[PDB]
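Scroll down for the structure; my scribbles are underneath it.
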There are 2 protein chains.
Amino acid sequence: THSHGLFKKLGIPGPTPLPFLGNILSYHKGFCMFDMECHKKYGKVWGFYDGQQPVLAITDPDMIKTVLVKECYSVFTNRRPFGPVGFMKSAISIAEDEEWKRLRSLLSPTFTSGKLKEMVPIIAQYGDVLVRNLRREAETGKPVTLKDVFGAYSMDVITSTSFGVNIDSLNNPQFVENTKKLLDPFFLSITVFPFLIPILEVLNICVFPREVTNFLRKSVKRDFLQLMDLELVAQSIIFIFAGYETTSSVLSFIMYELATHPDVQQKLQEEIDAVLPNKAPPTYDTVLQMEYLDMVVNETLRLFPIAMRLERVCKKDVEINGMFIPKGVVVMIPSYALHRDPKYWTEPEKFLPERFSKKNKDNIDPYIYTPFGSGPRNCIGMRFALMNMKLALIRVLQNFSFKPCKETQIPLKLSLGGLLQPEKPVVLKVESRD
Amino acid sequence: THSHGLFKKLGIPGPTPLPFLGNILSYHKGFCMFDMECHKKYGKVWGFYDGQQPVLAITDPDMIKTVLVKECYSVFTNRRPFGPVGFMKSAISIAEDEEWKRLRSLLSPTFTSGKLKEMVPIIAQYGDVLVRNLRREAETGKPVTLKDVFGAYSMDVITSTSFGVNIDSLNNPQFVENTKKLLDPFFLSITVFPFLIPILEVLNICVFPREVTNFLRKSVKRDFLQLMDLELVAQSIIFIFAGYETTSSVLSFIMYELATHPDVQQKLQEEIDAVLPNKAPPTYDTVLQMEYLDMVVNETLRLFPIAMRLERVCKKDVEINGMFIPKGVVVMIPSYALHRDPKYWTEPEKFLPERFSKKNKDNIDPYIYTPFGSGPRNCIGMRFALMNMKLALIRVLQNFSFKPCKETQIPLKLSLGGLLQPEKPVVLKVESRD
Ligand code: HEM
Ligand code: HEM
């Protein structure tokens, strides 16, 4: 409660904080809705408090660019300090200043266009497993829970790309467990009581069950791995989360959009049959040829950017684009709110892949649309992820069409907790094109 | 208990730590004796743990110089992080990296030879008050408790030099209280439980009774003050501690040595009567003329360096003079042990002012003898303090001689707690020279 006057003092509007809690009660509508309501009432810049942590929200593209790009190494180097992290402090997305640079450099080649082309033949093999497992639930006629099949796929791909362990997760429900081993109760407390984090740290009770962590090095025998003692595995733990949840979630969002916009699904499928003809197998070169696929993926990432917020800690008193940022304030770029802002988007709530057509993509600001972040600390896996999703999308759409059920939640609702994911799992009728 | 193998791993000998406690139980003989025993058994370099804080002790002059002087701004910038500090974080002796530099620069002029000469007439006036208050207890014939009279003097000088408030503390026992408002119970706990410091911080219960702290700004009306909102007073809080305790303590040590070495007391007094004749008043120029006075003060500071230890935190993994210092280890220079080391001192336990005679002072290593520290972060008040003590010594010795009582503790013993001070207060017969 020592900072609660900070935004008053700076002239920065925002919701009035409560002692100890700050504004965290406002989150009862979800992170994303809080951000949108705040943008609506307060304007371009506002401040609020996560417990006692002042957070400054910025929506001006120039200032976003200054924060993510220009003044990154100097001022905005790290994300918000989190609670019990333990050895996971060595994670590339957790490391701060030095060590990060090291990890980042030590890993940037592992995500070069070169390795991806080398991995495209590999991950394509789980597309077929996916098609067959799809054709199984399809022939039954019963609705399909996309998260389950896509999850199995995503898990299959990340395990092979990161270790070479080739498994059929959906058909081998038993590495499968260990990874599958995965709301906001203690977390809230850790926010209001950040002073208990060091206690939690010394008890060796990090957030993860750190018993599969032994399993990982116990399974690190001596792909992402061959492209390289305990910190080594800490990076791969981050890769699995990315490769599994975010990928499968985004895949479910896209299929939801495709099933609810048949014309879009048909056009995409026409693009996939023009390219890649006769259910031909997708390659690295072929994917980068499919323009409408890129627009569909991009639109969906506009509607549903699974990171929701971009965040950087101000390391020193600075003044950027005419406003003073005191040391220690977290600067938040509310990507979700920005993706749905009518200032930058006509009918922001409408799915409209044409926004991203070669004509219209120009009039789109790269600091307003930030599905993968920006500047030095952006998503190192963006290319890998897009390819992985596109490859999935192509093979599935080469063989199946997707339709709403009685069971499908329309309009989809977002989950109320702290992850960008559907309220109800996406469930769709799947019909074979043959 | 996560670092307890660190010195094993580095090849660095030391006392075996205990989980959670480290080696703090070894302190039962006092900081200083622990350091001496360790130096005796382990050699030039050893390591130990204050709870979980690894501390590396170095005794090689070259490496000390590298730590205090060469690699200060780069590696060894700050002292050990302490427990609940609160606003007192703004203190020059607590501030770290930046802010320190600022304070240090913002205060270095306040301790220039120039202001001291301006303050010498001022502080000389409390020498006379001291003489008279001395002549009072003297005429009674009863033994004198040097800490009480010297304390009143030290308090009188620091209050006038830092604010201009001229008071007769000994004769006005009622600012007097507020400052006078001044063992190791919770402290030990805070060492073994550093994880509770942030708790203690958020409760606004800093170590000081922070009610006289209001009094200070309530008495900061708008000397050290005129040579210049809340941090301003935080520096003056540090000045009072220095001006009061350390000065009065060192004065008591010196008088103890003088009373126990009559020949030394007589020689000094001959030097004061040769200079400054006929109980003439001491001036800035006169003081710097008295060579034997400088040797007596210096010898006593060898025997009793009230800081006992010098300490710097290693900010980054470095390798100095052929040994690797991991980040976060406190590097400790055990001044007390070094001042009493037979490698550098003949008969180190003997009081021998001649060690510091113009002939012998040359063969004395400035990194072995560090009563005021060294390099950028040394005692900013060294000159002020020496002048203050010397002025006191001169006026007192111009009028009185000092002798042991039945009541005097001979040989003096050092207090067992964490301050360098006598076990029993020094008590001496005081006889008037007239
Ligand atoms: C649809 C899939 C994904 C999306 C939308 C996504 C989005 C993001 C975003 C918005 C950030 C933060 C950027 C910033 O701070 O400016 C990020 C960071 C990161 N992502 Fe992804 N991501 C995805 C998948 C992946 C994948 C597949 C990988 C690796 C295999 C990955 C690895 C990382 C890493 C390591 C970081 C932290 C970068 C750093 O700390 O320097 N992500 N991602
Ligand atoms: C006999 C009297 C004194 C002795 C023996 C003494 C000794 C020391 C020592 C050993 C240090 C640490 C040096 C290092 O870290 O290398 C120190 C620091 C310091 N002393 Fe003194 N001191 C005395 C009196 C004073 C006085 C009278 C003042 C001011 C009026 C003062 C102000 C300071 C300050 C501000 C620091 C911290 C410097 C910094 O953080 O940059 N001291 N002193």
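Virtual Cβ from ideal backbone geometry, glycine too; neighbours counted across all protein chains shown. Bear in mind these aren't lab numbers, they're just calculated from the coordinates by the rules spelled out.
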If the label for A:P81 sits 7 angstrom from Cα along the Cα-to-Cβ line, what are its distances to the same label in every other copy, in nm to one decimal, shortest first? 0.7
Would you mind pulling out the separation of the Cα centroids of region B:10-62 and region B:222-291, in Å? 34
Using +1 at the Cβ of each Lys and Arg and -1 at the Cβ of each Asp and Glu in chain B, identify which of B:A259, B:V144, B:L56 lies farthest towards the dipole's positive end. B:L56
What is the set of long-range amide H partners of B:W46 at a cut-off below 5 Å, with H atoms built 1.01 Å from backbone N? B:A57
Report, in debye and to the nearest 20, how large the dipole of chain A comes out about its Cα centre when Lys and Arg carry +1 and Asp and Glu carry -1 on their Cβ. 440
Size of electric dipole in the protein assembly as shown: Cβ of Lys, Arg +1 and of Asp, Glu -1, about Cα centre, debye, nearest 20: 200
For B:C72, A:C405, which order do you get if you count the other beta carbons within 10 Å of each Cβ and list the fewest first? A:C405, B:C72
Going by how many other beta carbons lie within 10 Å of each one, how would you line up A:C314, A:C206, fewest first? A:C206, A:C314
Computed magnitude of the charge dipole of region A:74-210 (debye, nearest 20; Cβ of K, R +1, Cβ of D, E -1): 140
Among A:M387, A:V430, A:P277 the positive-end extreme of the charge dipole of chain A (Cβ point charges): A:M387
Considering only DSSP beta bridges with both partners in the protein assembly as shown, what is the antiparallel share in %, to the nearest 5? 90
So what's the gap between the Cα centers of region B:156-207 and region A:308-350, to the nearest angstrom? 44
From the cross-link list A:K147/A:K358; A:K8/A:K316; A:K9/A:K315; A:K89/A:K316; B:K180/B:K403; A:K267/A:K403, which pairs have alpha carbons spaced over 24 Å apart? A:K147/A:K358; B:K180/B:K403
Efficiency of FRET between A:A274 and A:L25 - r from beta-carbon atoms, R0 56 angstrom, step 0.05: 0.60
Using the scaling law 2.2 N^0.38 Å as the reference, what is the normalised Cα Rg of the protein assembly as shown? 1.25
As a test of the formula, what do you get for the protein assembly as shown when each DSSP H run with n ≥ 4 contributes -39,500 (n - 2.57) and the sum is divided by the residue count, at 222 nm and rounded to the nearest 500 deg cm²/dmol? -12500 deg cm²/dmol
Residue and distance (whole Å) for the chain B Cβ nearest the axis that superposes B on A: B:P198, 3
For the pair B:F87/B:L182, report the inter-label distance in nm, with labels modelled 7 Å from Cα in the Cβ direction. 2.0
At 7 Å along the Cα-to-beta-carbon direction for both B:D229 and A:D148, put a label point, then send me their distance in nm to one decimal. 6.5
Express the Stokes-Einstein translational diffusion coefficient of chain B in µm² s⁻¹, to the nearest whole number, given a Kirkwood radius over alpha-carbon pairs, 20 °C and a viscosity of 1.002 mPa s. 93
List the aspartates and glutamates whose Cα lies under 14 Å from the Cα of B:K41, skipping any in the same chain that are fewer than 8 positions away. B:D341
Exposure proxy check: A:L386, B:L200, B:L419 ranked by fewest other beta carbons within 10 Å? B:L419, B:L200, A:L386
Centre separation in Å (Cα based) which lies between region A:369-418 and region B:100-116: 62
When each copy gets a label point 7 Å from Cα toward the beta-carbon at B:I205, what are the spacings between them in nm, shortest first? 2.3
